[PDB]
Amino acid sequence: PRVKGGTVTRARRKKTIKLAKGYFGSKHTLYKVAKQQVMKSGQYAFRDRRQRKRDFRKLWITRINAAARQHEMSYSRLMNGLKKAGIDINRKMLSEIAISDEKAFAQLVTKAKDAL
Amino acid sequence: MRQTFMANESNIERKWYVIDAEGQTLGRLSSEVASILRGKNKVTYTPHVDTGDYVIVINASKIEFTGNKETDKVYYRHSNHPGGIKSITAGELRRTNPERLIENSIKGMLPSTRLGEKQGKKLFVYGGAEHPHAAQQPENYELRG
Amino acid sequence: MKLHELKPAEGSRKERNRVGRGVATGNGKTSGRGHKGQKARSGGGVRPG
Amino acid sequence: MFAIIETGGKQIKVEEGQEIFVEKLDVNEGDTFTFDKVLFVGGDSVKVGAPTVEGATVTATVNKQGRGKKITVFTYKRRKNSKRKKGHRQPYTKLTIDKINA
Amino acid sequence: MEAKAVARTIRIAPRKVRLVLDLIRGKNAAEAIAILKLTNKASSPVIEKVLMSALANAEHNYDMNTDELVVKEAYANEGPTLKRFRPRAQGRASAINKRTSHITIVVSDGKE
Amino acid sequence: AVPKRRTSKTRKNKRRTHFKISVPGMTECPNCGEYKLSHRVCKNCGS
Amino acid sequence: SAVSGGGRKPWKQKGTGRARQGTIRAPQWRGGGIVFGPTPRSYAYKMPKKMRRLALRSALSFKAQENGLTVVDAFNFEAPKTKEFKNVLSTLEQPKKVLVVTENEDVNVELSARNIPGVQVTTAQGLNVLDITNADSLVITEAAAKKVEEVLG
RNA sequence: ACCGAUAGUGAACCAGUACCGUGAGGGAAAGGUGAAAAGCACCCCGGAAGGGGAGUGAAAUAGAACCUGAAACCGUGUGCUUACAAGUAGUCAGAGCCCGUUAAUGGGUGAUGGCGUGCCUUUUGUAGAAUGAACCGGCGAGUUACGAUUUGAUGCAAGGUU
RNA sequence: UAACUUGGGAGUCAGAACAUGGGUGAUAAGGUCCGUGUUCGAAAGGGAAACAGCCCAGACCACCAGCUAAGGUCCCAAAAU
RNA sequence: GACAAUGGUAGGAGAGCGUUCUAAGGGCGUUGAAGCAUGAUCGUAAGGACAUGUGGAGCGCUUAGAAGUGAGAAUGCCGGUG
Ligand SMILES: [Mg+2]
Ligand SMILES: [Mg+2]
Ligand SMILES: [Mg+2]
Ligand SMILES: [Mg+2]
Ligand SMILES: [Mg+2]
Ligand SMILES: [Mg+2]
Ligand SMILES: [Mg+2]
Ligand SMILES: [Mg+2]
Ligand SMILES: [Mg+2]
Ligand SMILES: [Mg+2]
Ligand SMILES: [Mg+2]
Ligand SMILES: [Mg+2]
Ligand SMILES: [Mg+2]
Ligand SMILES: [Mg+2]
Ligand SMILES: [Mg+2]
Ligand SMILES: [Mg+2]
Ligand SMILES: [Mg+2]
Ligand SMILES: [Mg+2]
Ligand SMILES: [Mg+2]
Ligand SMILES: [Mg+2]
Ligand SMILES: [Mg+2]
Ligand SMILES: [Mg+2]
Ligand SMILES: [Mg+2]
Ligand SMILES: [Mg+2]
Ligand SMILES: [Mg+2]
């Protein structure tokens, strides 16, 4: 019973090409090179989803420290006093308070300054 | 995914300043000026778009250098022709074209990417006078840190 | 018992592995031989003893 | 109106009346489920507090305990020949907050 | 309406009547024969033979007015190629591809 | 004296962009019903 | 081996700039040569003589111990009438698959019932094991029923 | 439980034929309109080839290079986008403008920021300036018989077996 | 928390750099040859500007959560002018 | 509910999808089969579906067998196109 590769192939390569759209030029039209580029695109995808957790708590550190020294407090003396204040808040909140609504953060900086 | 305030064009304001180039010794000034241009003291900092705000430096001749580097710290430039390093500007460059003395030394502090060299154009240095930007309403900031 | 639902013996049919049919079988590209040398060539094998 | 609640381990800003995605919390669809762990119940007069602030964030009703969009992990080591790929879909339970109790 | 007329095997190459055909699209069809009559290219009458043969289908068939039409589209696809040999040096041959070309214009009043 | 690289489908089309042909003068005769080429005389024109 | 042609060595070796290709009928040409074809062989093994009866006493005991068996007395008719047997299959009702068994021969029962779909007429010493579980209904004469225990037990 | 036109004999097709060799001898490619020829009467541009109507036919987008028609590749107007820019071409953030889904934490485009030297063989080690691939299809590599030893299965038991 | 006895199935017999005890070399080598450890080979991440072998530490996957190691805290670039 | 374990080459050990044919049972097919193109859907992978076009006649699904069974590299072979 001789069996040849009848459409176990072209029904397989047209879910790589269709899964690889919008690449430049001739890496979205043809298999043997565009199999490589999707094959790196997972290898990036596993890598950089460990950068969004290394980038956004690098963003918030800027926009807190930009707002901490608008009240004569550097960032380093702030969260020392904030931890002694017994405040278990994140940074992403402490951003989002200090950019929409100053008057909340206007007294939050006091409580950390008053523990010191 | 979650919420984080990503400020935008037509969501950001930009204002102006004036710094007097008094006896701060060119690093103590031209470090802190670079953090002003990147908006890094303003709270609504989103790095993928250009925040920040303009800076005019006015008198630009009261710059000094401690130590004996008034004749050292030589500058260089290559013309891409052979034999063409032009060391003819020592660090005593203040006697002629002193505007290019600090306007070099902010564009080294800023990143050289395709947004930073746009952002380096938000700087102005003037000779010794008052600025010709009277029709712009600058303010004063003079205490750098 | 009946034809259309016959079930085999209880741990008696094991299917034989085709060797050298993909990198994700555990026998990929070299199919159990090694890299080079006497054993890895076709038809090679020393006389026993 | 303005409060800071927490679950999973992370923290979620409320903007009272809205609907926020959050991960799998156990009681079923359409019921009444509340929180109790408020680290900051602000509002018109902010009342910052201790490990808790002793004020219950109000019960949000539960909708749609389905699973997230499919993400595709795929890694490999370069020239020595290896492959891994496997699918992954993460659950989420959205919920509409309705009020607040300071 | 939109009348059209093709020629289905023309002896010239596609890339060489791609020049003159990409020069008369979207013009007044009355003088459009005269642009083809006043060059000196290869198939400048051969397109002109077809474009005369497309106006003459806009009379007996569709009764559109031959006042002044307008050419919406004109293009030329690759035809079935002919493959030959030619000997050059040290016993080796090198193939010569005598290509062929379809040709297709459409002519229309524009209005519906 | 060979190529090192097949030129892609961008520097094929970007290279041939200064390879065109322009129309000639095409001033009409007064009584030909036919367009002569400028500074020329046809065979069956008002030229 | 057995394809025609191939003694030529087409390219030489060093110098030409093609592969190191050997003949014209190597397997990776579009010519013949198949490296691992099917050798004409035979498909036949055997069980021991005790196991070879224990299946067969288990096949028809699957019928009798649950759901279906019928023993009829003998029946003769000389002229071959197909219609006089399809008559009989629907009186004592059986489904479409049905197996009749004569004792050693039948000049008519082997020669009637040979047209109907779903009927097999097998002499009691030709009792194999596929059909006896392919069918659903044993209908046997009473003369062979006493013999099959006297020959399988 | 043999193949269905790169398979099957080399050879389904006016095959050991074209074709190459002085010779002995090598040795290909090439199947399919429809149910039936009903194989496009006539009208029109063109010298003709072709073509637009009309007409046969369930279908001519089935027109004698003829069923089905995929990829490389060469083209046609288009929605977003590009002429101060340093680039293994992506990925993750994210603005603005256009479209509305197997209705789901929606699809396409991307001004700007982080992050970053393809794949396989071979190696003490490779982006490697080490080798291999122009690209897209199709074909193409642990098989069978006979034995020997081993675990897993199933009959019988001091007996088992042709 | 292993060890050993028996029986099926192999792969390796081209290693490398650091840290130290040594021969050879010229107290020369990214040299060669032994001992003994680590890591790479067969290990991705963070630091050493980039950099298989040095310094921390071992990736089952998700999340816009917190502490910390090696190295750092004027700017490019997170944090003390 | 716990409790621990899950980098990985040569190589050893398990569980798996898909392709062609047969046996048995049970079906879908001119009110449109197999292939072909397009799509935002489902499973942990290989993969499985469902609508819509084109297509004109022979296919699936469960159980169980037998193998000419899977393609990206061999300066591979042949046919096309740059
Ligand atoms: Mg194949
Ligand atoms: Mg292995
Ligand atoms: Mg491989
Ligand atoms: Mg070996
Ligand atoms: Mg090898
Ligand atoms: Mg070796
Ligand atoms: Mg050999
Ligand atoms: Mg075919
Ligand atoms: Mg012939
Ligand atoms: Mg009709
Ligand atoms: Mg196409
Ligand atoms: Mg560079
Ligand atoms: Mg090795
Ligand atoms: Mg190179
Ligand atoms: Mg090459
Ligand atoms: Mg040494
Ligand atoms: Mg050692
Ligand atoms: Mg180890
Ligand atoms: Mg680095
Ligand atoms: Mg940098
Ligand atoms: Mg593992
Ligand atoms: Mg194994
Ligand atoms: Mg089939
Ligand atoms: Mg290939
Ligand atoms: Mg070559």
# chains A, B, ... in the order shown; residues from 1 in each chain; ligands from 1

$ interface_residues --of "chain F" --to "chain A" --cutoff "9 Å" --atoms "only C-alpha atoms" --output "list in words"
residues 8, 9 and 10 of chain F

$ write_last_selection --atoms "N, CA and C atoms" --output "CSV table (one decimal), in the first residue's frame"
chain,number,residue,atom,x,y,z
F,8,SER,N,16.6,42.0,-4.6
F,8,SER,CA,15.2,41.6,-4.1
F,8,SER,C,14.2,42.4,-5.0
F,9,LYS,N,12.9,42.2,-4.6
F,9,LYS,CA,11.9,42.9,-5.3
F,9,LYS,C,11.7,44.4,-4.9
F,10,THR,N,12.7,45.0,-4.2
F,10,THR,CA,12.7,46.4,-4.0
F,10,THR,C,13.7,47.1,-4.9

$ select_by_dssp --residues "chain E" --states "helix (DSSP H, G or I)" --output "VMD selection string"
chain E and resid 18 to 21 32 to 37 44 to 55 57 to 60

$ write_last_selection --atoms "C-alpha atoms" --output "PDB file, in the first residue's frame"
ATOM      1  CA  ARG E  18       5.099  47.662 -20.644  1.00  0.00           C
ATOM      2  CA  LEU E  19       6.761  50.994 -21.468  1.00  0.00           C
ATOM      3  CA  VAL E  20       4.398  52.363 -24.085  1.00  0.00           C
ATOM      4  CA  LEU E  21       1.280  50.887 -22.512  1.00  0.00           C
ATOM      5  CA  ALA E  32      -5.008  58.199 -28.002  1.00  0.00           C
ATOM      6  CA  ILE E  33      -4.355  56.591 -31.347  1.00  0.00           C
ATOM      7  CA  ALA E  34      -2.194  59.579 -32.260  1.00  0.00           C
ATOM      8  CA  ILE E  35       0.195  59.158 -29.331  1.00  0.00           C
ATOM      9  CA  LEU E  36       0.764  55.633 -30.592  1.00  0.00           C
ATOM     10  CA  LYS E  37       1.134  56.885 -34.129  1.00  0.00           C
ATOM     11  CA  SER E  44       3.466  51.139 -31.260  1.00  0.00           C
ATOM     12  CA  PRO E  45       1.181  50.017 -34.117  1.00  0.00           C
ATOM     13  CA  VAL E  46       0.317  46.728 -32.426  1.00  0.00           C
ATOM     14  CA  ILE E  47      -1.278  48.418 -29.425  1.00  0.00           C
ATOM     15  CA  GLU E  48      -2.745  50.898 -31.908  1.00  0.00           C
ATOM     16  CA  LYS E  49      -4.266  48.027 -33.828  1.00  0.00           C
ATOM     17  CA  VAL E  50      -5.969  46.771 -30.691  1.00  0.00           C
ATOM     18  CA  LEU E  51      -7.152  50.171 -29.524  1.00  0.00           C
ATOM     19  CA  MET E  52      -8.722  50.779 -32.887  1.00  0.00           C
ATOM     20  CA  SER E  53     -10.242  47.327 -32.471  1.00  0.00           C
ATOM     21  CA  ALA E  54     -11.759  48.292 -29.118  1.00  0.00           C
ATOM     22  CA  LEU E  55     -13.459  51.449 -30.306  1.00  0.00           C
ATOM     23  CA  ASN E  57     -16.564  47.154 -30.581  1.00  0.00           C
ATOM     24  CA  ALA E  58     -18.047  50.205 -28.867  1.00  0.00           C
ATOM     25  CA  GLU E  59     -20.211  50.858 -31.913  1.00  0.00           C
ATOM     26  CA  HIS E  60     -21.800  47.713 -33.270  1.00  0.00           C
TER      27      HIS E  60
END

$ interface_residues --of "chain B" --to "chain H" --cutoff "9 Å" --atoms "only C-alpha atoms (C1' of nucleotides)" --output "count of residues only"
9

$ residues_near_ligand --ligand "ligand 1" --cutoff "7 Å" --atoms "only C-alpha atoms (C1' of nucleotides) and all ligand atoms" --output "PDB file with C-alpha atoms (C1' of nucleotides), in the first residue's frame"
ATOM      1  CA  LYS A   4       2.462   9.520  -0.918  1.00  0.00           C
ATOM      2  CA  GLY A   5       2.291  12.903   0.737  1.00  0.00           C
TER       3      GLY A   5
ATOM      4  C1'   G H 138       6.958  16.671  -6.554  1.00  0.00           C
ATOM      5  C1'   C H 139      10.286  12.210  -5.623  1.00  0.00           C
TER       6        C H 139
ATOM      7  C1'   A J  71      10.840  16.813   4.244  1.00  0.00           C
TER       8        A J  71
END

$ interface_residues --of "chain C" --to "chain H" --cutoff "7 Å" --atoms "only C-alpha atoms (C1' of nucleotides)" --output "list in words"
residues 11, 12 and 19 of chain C

$ write_last_selection --atoms "N, CA, C and O atoms" --output "compact mmCIF listing (two decimals), in the first residue's frame"
# COMPACT_ATOMS: atom_id res chain seq x y z
N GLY C 11 -1.93 -5.50 27.32
CA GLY C 11 -0.51 -5.27 27.40
C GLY C 11 0.24 -6.28 26.57
O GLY C 11 1.17 -6.93 27.05
N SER C 12 -0.16 -6.42 25.32
CA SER C 12 0.48 -7.36 24.43
C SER C 12 0.80 -6.80 23.07
O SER C 12 1.66 -7.35 22.39
N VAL C 19 12.65 4.77 13.41
CA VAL C 19 13.79 5.48 13.93
C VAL C 19 14.29 6.43 12.86
O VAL C 19 14.21 6.15 11.66

$ closest_atom_pairs --of "chain I" --to "ligand 17" --cutoff "10 Å" --atoms "only C-alpha atoms (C1' of nucleotides) and all ligand atoms" --output "Markdown table"
| residue | atom | partner | partner_atom_place_in_ligand_line | distance |
| --- | --- | --- | --- | --- |
| I:34 | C1' | ligand 17 | 1 (Mg) | 8.4 |
| I:35 | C1' | ligand 17 | 1 (Mg) | 7.7 |
| I:36 | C1' | ligand 17 | 1 (Mg) | 7.4 |
| I:37 | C1' | ligand 17 | 1 (Mg) | 9.0 |

$ write_last_selection --atoms "N, CA and C atoms (P, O5', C5', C4', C3', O3' and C1' of nucleotides)" --output "PDB file, in the first residue's frame"
ATOM      1  P     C I  34      48.520  14.130  30.255  1.00  0.00           P
ATOM      2  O5'   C I  34      48.958  13.812  31.744  1.00  0.00           O
ATOM      3  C5'   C I  34      48.117  14.174  32.824  1.00  0.00           C
ATOM      4  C4'   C I  34      48.788  13.976  34.155  1.00  0.00           C
ATOM      5  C3'   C I  34      47.924  14.284  35.352  1.00  0.00           C
ATOM      6  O3'   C I  34      47.068  13.218  35.686  1.00  0.00           O
ATOM      7  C1'   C I  34      50.020  15.317  35.623  1.00  0.00           C
ATOM      8  P     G I  35      45.569  13.529  36.147  1.00  0.00           P
ATOM      9  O5'   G I  35      45.732  14.100  37.623  1.00  0.00           O
ATOM     10  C5'   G I  35      46.295  13.290  38.635  1.00  0.00           C
ATOM     11  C4'   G I  35      46.611  14.068  39.879  1.00  0.00           C
ATOM     12  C3'   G I  35      45.435  14.678  40.589  1.00  0.00           C
ATOM     13  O3'   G I  35      44.736  13.732  41.360  1.00  0.00           O
ATOM     14  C1'   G I  35      47.219  16.219  40.520  1.00  0.00           C
ATOM     15  P     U I  36      43.167  13.554  41.145  1.00  0.00           P
ATOM     16  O5'   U I  36      42.561  14.855  41.813  1.00  0.00           O
ATOM     17  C5'   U I  36      42.827  15.128  43.172  1.00  0.00           C
ATOM     18  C4'   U I  36      42.615  16.578  43.496  1.00  0.00           C
ATOM     19  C3'   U I  36      41.236  17.131  43.235  1.00  0.00           C
ATOM     20  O3'   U I  36      40.306  16.767  44.229  1.00  0.00           O
ATOM     21  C1'   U I  36      42.882  18.668  42.514  1.00  0.00           C
ATOM     22  P     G I  37      38.828  16.312  43.814  1.00  0.00           P
ATOM     23  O5'   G I  37      37.974  17.635  43.981  1.00  0.00           O
ATOM     24  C5'   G I  37      37.653  18.425  42.854  1.00  0.00           C
ATOM     25  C4'   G I  37      37.338  19.837  43.251  1.00  0.00           C
ATOM     26  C3'   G I  37      36.380  20.547  42.323  1.00  0.00           C
ATOM     27  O3'   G I  37      35.039  20.297  42.677  1.00  0.00           O
ATOM     28  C1'   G I  37      38.284  21.885  42.647  1.00  0.00           C
TER      29        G I  37
END

$ residues_near_ligand --ligand "ligand 5" --cutoff "9 Å" --atoms "only C-alpha atoms (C1' of nucleotides) and all ligand atoms" --output "ChimeraX atom specification"
/C:29-30,34-36 /H:121-122

$ write_last_selection --atoms "N, CA, C and O atoms (P, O5', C5', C4', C3', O3' and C1' of nucleotides)" --output "PDB file, in the first residue's frame"
ATOM      1  N   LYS C  29      17.946  12.458  13.343  1.00  0.00           N
ATOM      2  CA  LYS C  29      19.020  12.808  12.412  1.00  0.00           C
ATOM      3  C   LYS C  29      20.144  11.786  12.413  1.00  0.00           C
ATOM      4  O   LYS C  29      20.870  11.655  11.428  1.00  0.00           O
ATOM      5  N   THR C  30      20.231  10.981  13.441  1.00  0.00           N
ATOM      6  CA  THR C  30      21.335  10.067  13.556  1.00  0.00           C
ATOM      7  C   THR C  30      20.882   8.740  14.096  1.00  0.00           C
ATOM      8  O   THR C  30      21.653   7.784  14.054  1.00  0.00           O
ATOM      9  N   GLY C  34      25.265   7.527  16.825  1.00  0.00           N
ATOM     10  CA  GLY C  34      26.311   8.314  17.435  1.00  0.00           C
ATOM     11  C   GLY C  34      26.683   9.454  16.524  1.00  0.00           C
ATOM     12  O   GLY C  34      25.800  10.078  15.938  1.00  0.00           O
ATOM     13  N   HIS C  35      27.965   9.745  16.370  1.00  0.00           N
ATOM     14  CA  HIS C  35      28.366  10.740  15.395  1.00  0.00           C
ATOM     15  C   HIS C  35      29.182  10.167  14.247  1.00  0.00           C
ATOM     16  O   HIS C  35      28.734  10.222  13.102  1.00  0.00           O
ATOM     17  N   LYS C  36      30.350   9.597  14.505  1.00  0.00           N
ATOM     18  CA  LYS C  36      31.128   8.983  13.443  1.00  0.00           C
ATOM     19  C   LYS C  36      31.705   7.693  13.974  1.00  0.00           C
ATOM     20  O   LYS C  36      31.301   7.198  15.026  1.00  0.00           O
TER      21      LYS C  36
ATOM     22  P     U H 121      22.247  19.767  13.045  1.00  0.00           P
ATOM     23  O5'   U H 121      23.548  19.479  12.189  1.00  0.00           O
ATOM     24  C5'   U H 121      23.611  18.342  11.357  1.00  0.00           C
ATOM     25  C4'   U H 121      24.795  18.400  10.439  1.00  0.00           C
ATOM     26  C3'   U H 121      26.146  18.179  11.083  1.00  0.00           C
ATOM     27  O3'   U H 121      26.451  16.802  11.118  1.00  0.00           O
ATOM     28  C1'   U H 121      26.213  20.035   9.599  1.00  0.00           C
ATOM     29  P     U H 122      27.291  16.161  12.312  1.00  0.00           P
ATOM     30  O5'   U H 122      28.551  17.122  12.480  1.00  0.00           O
ATOM     31  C5'   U H 122      29.768  16.833  11.815  1.00  0.00           C
ATOM     32  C4'   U H 122      30.735  17.990  11.829  1.00  0.00           C
ATOM     33  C3'   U H 122      31.567  18.149  13.079  1.00  0.00           C
ATOM     34  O3'   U H 122      32.681  17.280  13.123  1.00  0.00           O
ATOM     35  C1'   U H 122      30.677  20.245  12.456  1.00  0.00           C
TER      36        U H 122
END

$ residues_near_ligand --ligand "ligand 7" --cutoff "10 Å" --atoms "only C-alpha atoms (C1' of nucleotides) and all ligand atoms" --output "ChimeraX atom specification"
/C:41-44

$ write_last_selection --atoms "N, CA, C and O atoms" --output "PDB file, in the first residue's frame"
ATOM      1  N   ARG C  41      28.571   3.682  10.556  1.00  0.00           N
ATOM      2  CA  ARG C  41      28.434   3.585   9.121  1.00  0.00           C
ATOM      3  C   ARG C  41      27.433   2.505   8.760  1.00  0.00           C
ATOM      4  O   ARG C  41      27.080   1.654   9.574  1.00  0.00           O
ATOM      5  N   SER C  42      26.963   2.562   7.525  1.00  0.00           N
ATOM      6  CA  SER C  42      25.969   1.614   7.058  1.00  0.00           C
ATOM      7  C   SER C  42      26.595   0.250   6.944  1.00  0.00           C
ATOM      8  O   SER C  42      27.702   0.113   6.434  1.00  0.00           O
ATOM      9  N   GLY C  43      25.920  -0.755   7.473  1.00  0.00           N
ATOM     10  CA  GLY C  43      26.423  -2.102   7.370  1.00  0.00           C
ATOM     11  C   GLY C  43      27.620  -2.408   8.226  1.00  0.00           C
ATOM     12  O   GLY C  43      28.067  -3.557   8.245  1.00  0.00           O
ATOM     13  N   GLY C  44      28.158  -1.424   8.926  1.00  0.00           N
ATOM     14  CA  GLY C  44      29.290  -1.673   9.766  1.00  0.00           C
ATOM     15  C   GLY C  44      28.885  -2.434  11.006  1.00  0.00           C
ATOM     16  O   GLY C  44      27.766  -2.335  11.501  1.00  0.00           O
TER      17      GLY C  44
END

$ interface_residues --of "chain H" --to "chain F" --cutoff "12 Å" --atoms "only C-alpha atoms (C1' of nucleotides)" --output "PyMOL selection string"
chain H and resi 73-74+134-135

$ write_last_selection --atoms "C-alpha atoms (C1' of nucleotides)" --output "PDB file, in the first residue's frame"
ATOM      1  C1'   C H  73       6.997  34.814 -10.303  1.00  0.00           C
ATOM      2  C1'   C H  74       5.337  39.245 -13.501  1.00  0.00           C
ATOM      3  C1'   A H 134      18.712  30.954  -5.923  1.00  0.00           C
ATOM      4  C1'   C H 135      13.314  30.316  -4.831  1.00  0.00           C
TER       5        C H 135
END

$ residues_near_ligand --ligand "ligand 14" --cutoff "12 Å" --atoms "only C-alpha atoms (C1' of nucleotides) and all ligand atoms" --output "NGL selection string"
(:F and (4-5)) or (:H and (88 or 117-118 or 127-129))

$ write_last_selection --atoms "C-alpha atoms (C1' of nucleotides)" --output "PDB file, in the first residue's frame"
ATOM      1  CA  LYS F   4      27.022  38.240  -4.581  1.00  0.00           C
ATOM      2  CA  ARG F   5      23.308  38.631  -3.921  1.00  0.00           C
TER       3      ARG F   5
ATOM      4  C1'   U H  88      19.552  39.436  10.685  1.00  0.00           C
ATOM      5  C1'   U H 117      24.634  39.116  15.315  1.00  0.00           C
ATOM      6  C1'   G H 118      19.652  34.110  10.490  1.00  0.00           C
ATOM      7  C1'   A H 127      27.084  35.857  13.810  1.00  0.00           C
ATOM      8  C1'   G H 128      31.302  33.766  11.898  1.00  0.00           C
ATOM      9  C1'   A H 129      35.400  35.790   6.901  1.00  0.00           C
TER      10        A H 129
END

$ residues_near_ligand --ligand "ligand 12" --cutoff "12 Å" --atoms "only C-alpha atoms (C1' of nucleotides) and all ligand atoms" --output "ChimeraX atom specification"
/H:86-87,117 /I:50

$ residues_around --residues "residue 60 of chain H" --least-positions-apart "3" --cutoff "12 Å" --atoms "only C-alpha atoms (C1' of nucleotides)" --output "list in words"
residues 33, 34, 39, 40, 55, 56, 57, 63 and 66 of chain H

$ write_last_selection --atoms "N, CA, C and O atoms (P, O5', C5', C4', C3', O3' and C1' of nucleotides)" --output "PDB file, in the first residue's frame"
ATOM      1  P     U H  33     -10.687  14.346 -22.874  1.00  0.00           P
ATOM      2  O5'   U H  33     -11.597  15.632 -22.728  1.00  0.00           O
ATOM      3  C5'   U H  33     -11.023  16.885 -22.412  1.00  0.00           C
ATOM      4  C4'   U H  33     -12.060  17.965 -22.481  1.00  0.00           C
ATOM      5  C3'   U H  33     -13.429  17.525 -22.009  1.00  0.00           C
ATOM      6  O3'   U H  33     -13.579  17.746 -20.620  1.00  0.00           O
ATOM      7  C1'   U H  33     -13.598  18.548 -24.143  1.00  0.00           C
ATOM      8  P     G H  34     -14.591  16.871 -19.744  1.00  0.00           P
ATOM      9  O5'   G H  34     -16.011  17.457 -20.118  1.00  0.00           O
ATOM     10  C5'   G H  34     -17.170  16.672 -19.942  1.00  0.00           C
ATOM     11  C4'   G H  34     -18.217  17.029 -20.953  1.00  0.00           C
ATOM     12  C3'   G H  34     -19.232  15.954 -21.227  1.00  0.00           C
ATOM     13  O3'   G H  34     -20.230  15.886 -20.236  1.00  0.00           O
ATOM     14  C1'   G H  34     -18.455  16.813 -23.263  1.00  0.00           C
ATOM     15  P     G H  39     -21.874  22.674 -33.586  1.00  0.00           P
ATOM     16  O5'   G H  39     -20.686  22.078 -34.459  1.00  0.00           O
ATOM     17  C5'   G H  39     -19.600  21.383 -33.863  1.00  0.00           C
ATOM     18  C4'   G H  39     -18.489  22.319 -33.478  1.00  0.00           C
ATOM     19  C3'   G H  39     -17.518  22.691 -34.589  1.00  0.00           C
ATOM     20  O3'   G H  39     -17.050  24.015 -34.348  1.00  0.00           O
ATOM     21  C1'   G H  39     -16.346  21.674 -32.834  1.00  0.00           C
ATOM     22  P     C H  40     -16.877  25.051 -35.557  1.00  0.00           P
ATOM     23  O5'   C H  40     -17.628  26.363 -35.068  1.00  0.00           O
ATOM     24  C5'   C H  40     -19.023  26.498 -35.260  1.00  0.00           C
ATOM     25  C4'   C H  40     -19.592  27.619 -34.439  1.00  0.00           C
ATOM     26  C3'   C H  40     -19.032  28.992 -34.736  1.00  0.00           C
ATOM     27  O3'   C H  40     -19.721  29.601 -35.810  1.00  0.00           O
ATOM     28  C1'   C H  40     -19.159  28.627 -32.386  1.00  0.00           C
ATOM     29  P     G H  55     -28.638  34.279 -28.893  1.00  0.00           P
ATOM     30  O5'   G H  55     -28.036  32.942 -29.506  1.00  0.00           O
ATOM     31  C5'   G H  55     -28.530  32.436 -30.733  1.00  0.00           C
ATOM     32  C4'   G H  55     -27.731  31.254 -31.212  1.00  0.00           C
ATOM     33  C3'   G H  55     -27.603  30.095 -30.245  1.00  0.00           C
ATOM     34  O3'   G H  55     -28.741  29.261 -30.275  1.00  0.00           O
ATOM     35  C1'   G H  55     -25.492  30.581 -31.189  1.00  0.00           C
ATOM     36  P     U H  56     -29.146  28.396 -28.995  1.00  0.00           P
ATOM     37  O5'   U H  56     -28.153  27.167 -29.037  1.00  0.00           O
ATOM     38  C5'   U H  56     -28.318  26.187 -30.038  1.00  0.00           C
ATOM     39  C4'   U H  56     -27.296  25.096 -29.919  1.00  0.00           C
ATOM     40  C3'   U H  56     -27.240  24.395 -28.581  1.00  0.00           C
ATOM     41  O3'   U H  56     -28.217  23.380 -28.472  1.00  0.00           O
ATOM     42  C1'   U H  56     -25.059  24.955 -29.280  1.00  0.00           C
ATOM     43  P     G H  57     -29.182  23.315 -27.197  1.00  0.00           P
ATOM     44  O5'   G H  57     -28.227  22.849 -26.021  1.00  0.00           O
ATOM     45  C5'   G H  57     -27.605  21.583 -26.067  1.00  0.00           C
ATOM     46  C4'   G H  57     -26.441  21.516 -25.120  1.00  0.00           C
ATOM     47  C3'   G H  57     -26.732  21.952 -23.704  1.00  0.00           C
ATOM     48  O3'   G H  57     -27.344  20.930 -22.946  1.00  0.00           O
ATOM     49  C1'   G H  57     -24.750  22.976 -24.441  1.00  0.00           C
ATOM     50  P     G H  63     -12.800  26.928 -21.323  1.00  0.00           P
ATOM     51  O5'   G H  63     -12.165  26.193 -22.568  1.00  0.00           O
ATOM     52  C5'   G H  63     -11.816  26.941 -23.716  1.00  0.00           C
ATOM     53  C4'   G H  63     -11.783  26.080 -24.943  1.00  0.00           C
ATOM     54  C3'   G H  63     -11.065  26.706 -26.126  1.00  0.00           C
ATOM     55  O3'   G H  63     -10.399  25.701 -26.874  1.00  0.00           O
ATOM     56  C1'   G H  63     -13.305  26.262 -26.703  1.00  0.00           C
ATOM     57  P     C H  66      -4.003  20.979 -23.213  1.00  0.00           P
ATOM     58  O5'   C H  66      -5.472  21.602 -23.276  1.00  0.00           O
ATOM     59  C5'   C H  66      -5.929  22.466 -22.240  1.00  0.00           C
ATOM     60  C4'   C H  66      -7.427  22.658 -22.244  1.00  0.00           C
ATOM     61  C3'   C H  66      -8.244  21.617 -21.518  1.00  0.00           C
ATOM     62  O3'   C H  66      -8.211  21.802 -20.125  1.00  0.00           O
ATOM     63  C1'   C H  66      -9.300  22.220 -23.545  1.00  0.00           C
TER      64        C H  66
END
